[PDB]
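One chain comes next, on its own, written as structure tokens: the form deposited in one PDB entry.
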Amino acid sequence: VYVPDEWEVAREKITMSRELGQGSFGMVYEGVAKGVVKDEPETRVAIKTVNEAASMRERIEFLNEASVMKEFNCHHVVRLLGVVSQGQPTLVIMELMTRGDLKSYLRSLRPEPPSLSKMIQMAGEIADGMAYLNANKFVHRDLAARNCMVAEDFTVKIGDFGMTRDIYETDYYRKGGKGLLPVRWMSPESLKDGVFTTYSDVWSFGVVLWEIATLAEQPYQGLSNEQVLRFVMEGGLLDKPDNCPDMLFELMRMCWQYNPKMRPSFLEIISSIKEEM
């Protein structure tokens, strides 16, 4: 069960354009929306949707994951703008991040070195969103560059585009043939016991920093999914990226302490980069 509220907006006011990709519950689109932002008759939006052919309790699961965003007010987490629970298909409308996911954005820079400054900006802008989420008692459990989102001004925001895009099929393993797992981005304790925490979010952040420093290479390129498990669970780590600044590899290491209680908080990460400006 879900009860509509003041977030509800009318299907009429929402246009869909070109598709953005396959979501957990449906296709996702680019669009425009009216009367959803103050002094702004039109607003470009991401329209997340459901397949008419999905369960009623999956249309309920879909809405109650958007109900979590109603609580948030951080400029580094992608903004919930409205809901359309009434009728078919069921929609959520969000802030449109006009440069898409951090992984495509970094990959688009290969054939052209980004400055320590810019890499440390991006790093602080990810760590701000995550600090907020961790404090509003939210564990991302799929923090990766492909789940960060980039604004027209190049500011980075935490988002989540699910585990279902064709484009990043390499980044997921159906372990034991169960559900998809982003094994390359997972803490040793997430891999062994299925323990997701703030602290395992800090591990995924270490791998995002690696992704920024490598321009989104595949972590542990040349190991199989089962070989990644073995390597990380026995205390293995990623190598210093080529041309990696000292300050940014030391962040990485901190985030990859085997003992979760040894990794720093996002709050401590922000403090740590702040004494570097």
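Don't overthink the numbering: it's just position in the shown sequence, from 1.
Although it is not shown, the form solved in complex with a partner chain is what the next lines describe.
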item: Proximity to its partner chain in the bound PDB entry, single hit among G129, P182, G206, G82 (heavy atom within 4.5 Å); value: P182
item: Among the candidates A151, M119, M163, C74, the residue which, in the bound PDB entry, approaches its partner chain to within 4.5 Å (heavy atoms); value: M163
item: Contact stretch among 119-127, 169-177, 74-82, 88-96 - heavy atom within 4.5 Å of its partner chain in the bound PDB entry; value: 169-177
item: 4.5 angstroms heavy atom contact with its partner chain in the bound PDB entry for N225; value: yes
item: Its partner chain contact at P114 in the bound PDB entry, heavy atom, 4.5 Å; value: no
item: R110, heavy atom within 4.5 angstroms of its partner chain in the bound PDB entry; value: no
item: Partner contact for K137 in the bound PDB entry: its partner chain, 4.5 angstroms, heavy atom; value: no
item: Contact at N147, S190 and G194 by its partner chain in the bound PDB entry, all three, heavy atom at most 4.5 Å; value: yes
